[PDB]
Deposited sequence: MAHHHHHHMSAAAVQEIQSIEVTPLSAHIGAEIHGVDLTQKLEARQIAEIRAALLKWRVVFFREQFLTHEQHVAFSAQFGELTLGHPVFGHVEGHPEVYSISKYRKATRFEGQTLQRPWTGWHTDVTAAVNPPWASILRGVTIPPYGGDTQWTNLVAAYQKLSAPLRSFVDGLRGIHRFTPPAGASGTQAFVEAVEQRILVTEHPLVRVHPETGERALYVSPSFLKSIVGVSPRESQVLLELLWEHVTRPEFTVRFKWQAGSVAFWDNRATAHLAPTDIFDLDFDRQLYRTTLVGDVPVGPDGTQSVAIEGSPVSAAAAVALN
């Protein structure tokens, strides 16, 4: 029986009592999965893993994505991605991974190998809590809306529901991936702009968020169907080296409250892997 230590009112929890270098029992896997669904992102400490152990841990929860030939490439490990002026608004940098694709990954597992003594914190926000905190007329309104997500690698275009029904819990997530969601289908450009800024300001309210200060050996495991996250920018500032590795798990096509699946509009398989590797 794992130990689960929540970190805020509704998002984030530490898990202790699990040795991630070892294969886990079925009960441990189910307990971790339930904690992840409940707290949206779960964290481990003092887990010093090889690439093989990181992949082996990940495969207990789903199918691993297979990477990009250049971006984040780790030799011998296609499943492992290496992680080593803008117009500034409250939602700048906040995103859900690869939502420009028709089947975004449902989860990611990020481990810290070389971690600075300070700087480089990551944040997550709870898109289910955010949906629920919209007023009832706003919820009914966005239930029926669709959004275009775009990404251009250094071109993916997908139409997603603005409200994603979680396939394991049935909860509704405000699926507004701010870095990638560009427009709301069927409304005017100004209507779309105003509504997106309203929802993006909403989802970044502190009551929906948790902040994580990394240490060497830390692991973050988050549910992309219910979260967006924010990468640090204070690292490009300090002298410290920073090396993390990420795996991600293949997800299904999102569905909105009316049952309509997401629709691919444009995109190459190569462009999708670049988004997985870079987002």
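Chain regions without C-alpha coordinates, deposited sequence numbering: The deposited sequence has unmodelled segments at 1 to 18, 103 to 112, 183 to 198.
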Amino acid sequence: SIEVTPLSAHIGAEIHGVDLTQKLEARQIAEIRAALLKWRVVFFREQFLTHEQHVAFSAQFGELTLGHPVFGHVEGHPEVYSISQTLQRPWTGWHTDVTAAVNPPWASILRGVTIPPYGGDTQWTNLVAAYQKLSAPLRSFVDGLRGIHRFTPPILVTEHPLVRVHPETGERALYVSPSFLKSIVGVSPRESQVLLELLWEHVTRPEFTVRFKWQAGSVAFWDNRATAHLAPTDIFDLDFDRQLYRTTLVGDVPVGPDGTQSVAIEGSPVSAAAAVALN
From here on, numbers count along this sequence of modelled residues.
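Stretch with the higher entry mean CA B-factor, where the candidates are 179 to 187 and 68 to 76: According to the entry, 68 to 76 carries the higher average C-alpha B-factor.
Would you determine, from the values in the PDB entry, which of 121 to 129 and 144 to 152 has the greater average C-alpha temperature factor? Mean C-alpha B-factor is greater for 144 to 152.
Among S84, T204, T99, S108, single out the one with the highest C-alpha B factor in the record, please. Within the set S84, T204, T99, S108, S84 shows the top C-alpha B-factor.
Going by the CA temperature factor in the entry, name the top one among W214, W39, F236, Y245. Answer for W214, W39, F236, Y245: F236, with the highest C-alpha B-factor.
How does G112 rank on Cα B-factor within its chain, lowest, middle or highest third? For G112, the deposited C-alpha B-factor lands in the middle third.
Which third, lowest, middle or highest, does the C-alpha temperature factor of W222 belong to within its own chain? For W222, whose C-alpha B-factor we compare with every modelled residue in the chain, the answer is the lowest third.
Where the record places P269 (Cα B-factor, split into thirds across the chain): For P269, the deposited C-alpha B-factor lands in the highest third.
Position of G17 among the chain's modelled residues by C-alpha B-factor, lowest, middle or highest third: Its C-alpha B-factor, which the entry lists for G17, ranks in the highest third among residues of this chain.
Check where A231 lands among this chain's C-alpha B-factors and tell me if it's the lowest, middle or highest third. Its C-alpha B-factor belongs to the highest third of this chain's values.
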